[PDB]
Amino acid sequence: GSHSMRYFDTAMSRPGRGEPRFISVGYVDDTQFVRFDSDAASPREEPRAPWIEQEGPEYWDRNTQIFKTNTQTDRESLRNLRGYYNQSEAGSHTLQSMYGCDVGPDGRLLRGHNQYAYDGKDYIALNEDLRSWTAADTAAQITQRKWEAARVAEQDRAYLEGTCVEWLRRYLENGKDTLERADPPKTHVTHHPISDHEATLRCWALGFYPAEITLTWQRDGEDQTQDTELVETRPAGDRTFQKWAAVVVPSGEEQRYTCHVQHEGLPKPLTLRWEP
């Protein structure tokens, strides 16, 4: 019943190949709903959810102009960070950020986020108080100084407590048929002999949304964390996700093993066994 909105921004310099690419992707939970890309050949293409298209040209024009401003700001920020780290003009560098809000079932703010990474390392983040910063190093301390001087946290707080929460509500209402629907996993257990004395049991979860899921193997009711191979949850391409967990078991001992599945779309948690 809880939900999040998050934008994932990436600015990446490419010396000799133009100005840095900037892309901003917006998500409600695990659903991408907008994408803005500085390299877009036609803004008429920058994909958006059907429930965003219904917002009309005013929404799109406003957001396009914010994106253009953000492109400039993060391009100049890349330039400044290159200086703070005494880096040459020759290499490519990456500035990432994530920002947005988490709300509960009642649509009330649980917490806000606004953080950044440079070349894959945490750089600066707005604290949970939405008033103060945590800077990772002496470079980020300069950004902190500039942002404190310009009262940026106050603007970020206003967005996170106001705009973000208000629009997440609007989006959840307009997109309810998908955004507020949890699709349970379809599950099964497969069995693959490895040798005459061992076999793999693989517990499958397919077709679920959102991506959050718990998939565990037990032996005689004891968690098999160390002995379980657990692949990363992966997108199917139709909004849903997939995952599997596998354990290697001695031949004939299969019935000592149970797969346990928890997911928001399930009426109740599943317990599965290999069914020869």
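The first residue of the sequence shown is number 1, and the count goes up from there.
The stretch 173-181 shows the higher mean C-alpha B-factor when 173-181 is compared against 132-140 in the entry. For the two regions 230-238 and 48-56, the entry's Cα B-factors average higher over 48-56. Among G207, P210, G26, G221, the highest C-alpha B-factor recorded in the PDB entry belongs to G221. Sorting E148, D122, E76, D196 by the CA temperature factor given in the entry leaves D196 at the top. The PDB entry assigns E89 a C-alpha temperature factor belonging to the highest third of its chain's modelled residues. In the PDB entry, a CA B factor belonging to the highest third of its chain's modelled residues is recorded for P105.
In the deposited entry, the Cα temperature factor of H192 sits in the top third of values across the chain's modelled residues. Among the modelled residues of its chain, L266 has a C-alpha B-factor that falls in the highest third according to the deposited record. Placement of the Cα temperature factor of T216 within the chain: highest third of the modelled residues, per the deposited record.
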